[PDB]
Amino acid sequence: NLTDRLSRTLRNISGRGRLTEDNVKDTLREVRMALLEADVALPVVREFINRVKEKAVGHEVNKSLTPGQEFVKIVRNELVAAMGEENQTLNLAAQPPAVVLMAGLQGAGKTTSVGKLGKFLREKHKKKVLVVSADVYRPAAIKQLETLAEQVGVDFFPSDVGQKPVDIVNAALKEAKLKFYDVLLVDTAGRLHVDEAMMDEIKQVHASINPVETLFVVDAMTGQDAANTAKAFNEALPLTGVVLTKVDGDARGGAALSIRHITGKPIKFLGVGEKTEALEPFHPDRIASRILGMXXXXXXXXXXXXXXXXXXXXXXXXXXXXXXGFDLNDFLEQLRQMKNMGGXXXXXXXXXXXXXXXXXXXXXXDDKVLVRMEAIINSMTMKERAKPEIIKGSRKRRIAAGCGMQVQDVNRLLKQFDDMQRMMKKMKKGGXXXXXXXXXXXXXXXXXXX
RNA sequence: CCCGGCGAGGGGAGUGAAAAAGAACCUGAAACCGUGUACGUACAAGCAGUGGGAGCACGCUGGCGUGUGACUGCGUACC
Ligand SMILES: Nc1nc2c(ncn2[C@@H]2O[C@H](COP(=O)(O)OP(=O)(O)NP(=O)(O)O)[C@@H](O)[C@H]2O)c(=O)[nH]1
Ligand SMILES: [Mg+2]
Ligand SMILES: [Mg+2]
Ligand SMILES: [Mg+2]
Ligand SMILES: [Mg+2]
Ligand SMILES: [Mg+2]
Ligand SMILES: [Mg+2]
Ligand SMILES: [Mg+2]
Ligand SMILES: [Mg+2]
Ligand SMILES: [Mg+2]
Ligand SMILES: [Mg+2]
Ligand SMILES: [Mg+2]
Ligand SMILES: [Mg+2]
Ligand SMILES: [Mg+2]
Ligand SMILES: [Mg+2]
Ligand SMILES: [Mg+2]
Ligand SMILES: [Mg+2]
Ligand SMILES: [Mg+2]
Ligand SMILES: [Mg+2]
């Protein structure tokens, strides 16, 4: 949670006019102690913050002379170029065959990441995927891959602990070339970088498969040893890329920076939940912005994921509002669809303009509130949903009693639907550019918060 | 919380000693306007009361108060 420390830091800087180099210094020190609190590659903390120090001395901006915009912009863009220079769109280069391996320390997230890639590339590539587990060591690891593969709808190549990993992956590659697959995901056992028999074993594995891609998997909570791990794995194995996992934790995962300092290999993907859908393309703009608290890249990516899962359902709510007008039917459809894409952190990060006025500790529980709405509007007869104005006291007693909640809550939800009804009408009558530009941010006077 | 137009206003709830203290806010008079009950009034002439007076209603403990006042004597405001 750098944003607590980095917020006091870079926000402190963004206050003071024509800042002395001393609070510049102190702020750098707090970024250092902040990344030190994040257990990111402590020597690489020192290096990074020395770089930020040298960069932050002589900048001038006519737009706004504020040095805090300079520290925020510098820390951002510098973490950006050090983390691979805005590589989101690029990802991995696809050839008609592709063979990718997942390697790294015990428990970093390799098996999970393999299935995430499977799902993601299954969606984007429109092609066929085969996966295989080279892990004969961890109990039930193969079964884990089989389960994940069955869940993501990806062909699974069987293997058991009684075999040799080389023979297994050789068989897998053979079957794959025979059955005309393209993307191949090979999940390997977790291993210490200082374990020679294992590292040799998978040097042999790589030698047998001849992969186009070797991906090192990093827990974002990985410590100072990262630079030592990445190098080791890059010296024997050598890796062509990096995946950074568990970024949904408060760990800042700048260890990958060390990993990208030694290796020089791009970081392709951000693991952002425990679910298969949780593979994101990595992007330094997104991780650095995510740290800083306000983001333009993650705003366009969460509005484009919301718009992708909600396209046919907002066109279903727009067709029913074209025929019967806006009802609790079109609203309820909006509710279930809205509950399926639901998350709060990907929503507040999309809007920096509203988060500048309100506390960043603001959270509505979407899983709670949304499903509550679905439930309450599941307690209405179809006439009350298509004709909401007839909902009365006894009706709200009935609705409140049906879902096992309070009448006040139902009042609140019908209030919400009232506001969204109005908004639907205002959107209907006015031109899109006028209705979007005429929205007012009200202060009861320019004096703030009152 | 409820009725209503996401109104006006209201009704519960809650604060308070008190909300017939609710911002159209201490006390809250008269004129003026009403809802409710008793009595009288649709063959009756006039400064509208006063003297007499039947009945009816309500209080009391067969009488005493209270309201009303059918019917008749006298009766043309104040400055
Ligand atoms: N929250 C979260 N959990 C993740 C992410 N990626 C992996 N995990 C989780 O981390 C745990 C370890 O993952 P696993 O795939 O077994 O890692 P592995 O590197 O294959 N382990 P091994 O070295 O034993 O083979 C699993 O619980 C899994 O669900 C992530 O991006 N976010
Ligand atoms: Mg594994
Ligand atoms: Mg009101
Ligand atoms: Mg009280
Ligand atoms: Mg008054
Ligand atoms: Mg007083
Ligand atoms: Mg008063
Ligand atoms: Mg009064
Ligand atoms: Mg009065
Ligand atoms: Mg006659
Ligand atoms: Mg008569
Ligand atoms: Mg007359
Ligand atoms: Mg008398
Ligand atoms: Mg009596
Ligand atoms: Mg008497
Ligand atoms: Mg009497
Ligand atoms: Mg008389
Ligand atoms: Mg006289
Ligand atoms: Mg006369």
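## Here we look at the overall build of chain A
Thought 1: Along chain A, the regular secondary structure elements total 20 helices and eight strands.
Thought 2: Along the three orthogonal principal directions, the C-alpha set of chain A runs to about 75 × 60 × 40 Å.
Thought 3: Sequence separation of 24 or more characterises 73% of the internal contacts of chain A that already satisfy a separation of 6 or more.

## Describing unusual backbone geometry
Thought 1: In this structure, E85 is a non-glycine residue whose phi angle is positive, near 60 degrees.
Thought 2: Tracing the chain through its elements places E85 in the loop between helix 4 (67-82) and strand 1 (98-104).
Thought 3: One non-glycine residue with positive phi stands out, namely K126, at about 60 degrees.

## Focus: the packing of helix 1 (residues 2-15) against helix 4
Thought 1: In contact at an axis separation of 6 Å, helix 1 and helix 4 are set at 145 degrees when each is read in the N-to-C sense. Taking contact as the criterion, the partners of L10, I13 and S14 in helix 1 are, on helix 4, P67, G68, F71 and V72.
Thought 2: Looking at the contact of helix 1 with helix 4 residue by residue, the classes come out as five nonpolar, two polar and no charged.

## So, the packing of helix 1 against helix 11 (residues 284-292)
The packing of two helices is summarised by the inter-axis angle and the distance between the axes.
Thought 1: Direction vectors running N to C along helix 1 and helix 11 enclose 75 degrees, while the axes themselves pass 8 Å from each other. In this view, helix 1 runs roughly perpendicular relative to helix 11, as classed from their interaxial angle. Residue-level inspection shows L2, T3, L6 and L10 of helix 1 in contact with helix 11, the latter providing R290, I291 and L292.
Thought 2: Of the residues that constitute the contact of helix 1 with helix 11, the class distribution is five nonpolar, one polar and one charged.

## Digging into the pairing of strand 4 (residues 183-187)
Thought 1: When strand 1 meets strand 4, the two strands line up parallel, connected through five bridges. In the sheet register, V100 faces strand 4, and the bridge partner there is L185.
Thought 2: Across five bridges, the pairing between strand 2 (residues 129-133) and strand 4 is parallel. Paired with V131 across the two strands is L185, which belongs to strand 4.

## What about the domain arrangement of chain A?
Where interface size is quoted, it is often the accessible area lost as the parts come together.
Thought 1: In terms of domain boundaries, chain A breaks down into domain 1 (1-88), domain 2 (89-294) and domain 3 (325-439).
Thought 2: Centre-to-centre separation of domain 2 and domain 3, based on C-alpha positions: 41 Å.

## Things to note about the pairing of strand 6 (residues 241-245)
In summary, the side chains of a regular strand alternate between the two faces of the sheet.
Thought 1: Both strand 5 (residues 213-219) and strand 6 contribute to a ladder of five bridges, which runs parallel. Pairing of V217 across the sheet is with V243, part of strand 6.
Thought 2: Of the crossover connections in this fold, the one passing from strand 5 over helix 9 (residues 226-235) to the parallel strand 6 is right-handed.
Thought 3: In the sheet, strand 6 pairs with strand 7 (residues 267-271) via three bridges, with the strands oriented parallel. Paired with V243 across the two strands is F269, which belongs to strand 7.
Thought 4: After leaving strand 6, the chain enters helix 10 (residues 255-262) and then returns to the sheet as strand 7, a path that is right-handed.

## Observations regarding helix 5 (residues 110-125)
Thought 1: Helix length check: helix 5, at 16 residues, gives a terminal C-alpha distance of 21 Å against a target of 22 Å (1.5 Å per residue), a fit within 8%.
Thought 2: Immediately beyond the C-terminal end of helix 5, within one or two residues, lies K126, with a positive phi of roughly 60 degrees.

Cut-offs applied
- Residues numbered from 1 in each chain as written, not as in the entry; some residues may be left out.
- Chains lettered and ligands numbered in written order.
- Part of a larger assembly, values for the part shown.
- Heavy atoms only, no water.
- Residues with missing side-chain atoms left out of burial classes, pairs and counts.
- Helix = DSSP H or I, 4+ residues; strand = E, 2+ residues; numbered from the N terminus.
- Contact = heavy atoms within 4.5 Å.
- Axes fitted to C-alpha atoms, helices over the stretch in contact; angles between N-to-C directions.
- Nonpolar A, V, L, I, M, F, W, Y, C, P; charged D, E, K, R; others polar.
- Parallel < 35°, antiparallel > 145°, perpendicular 65-115°, else oblique.
- Pairing = 2+ DSSP bridges.
- Domains from an automatic or database assignment.
- Right-handed = clockwise from strand over helix to strand, strands pointing away.
- Expected span 1.5 Å × (residues − 1).

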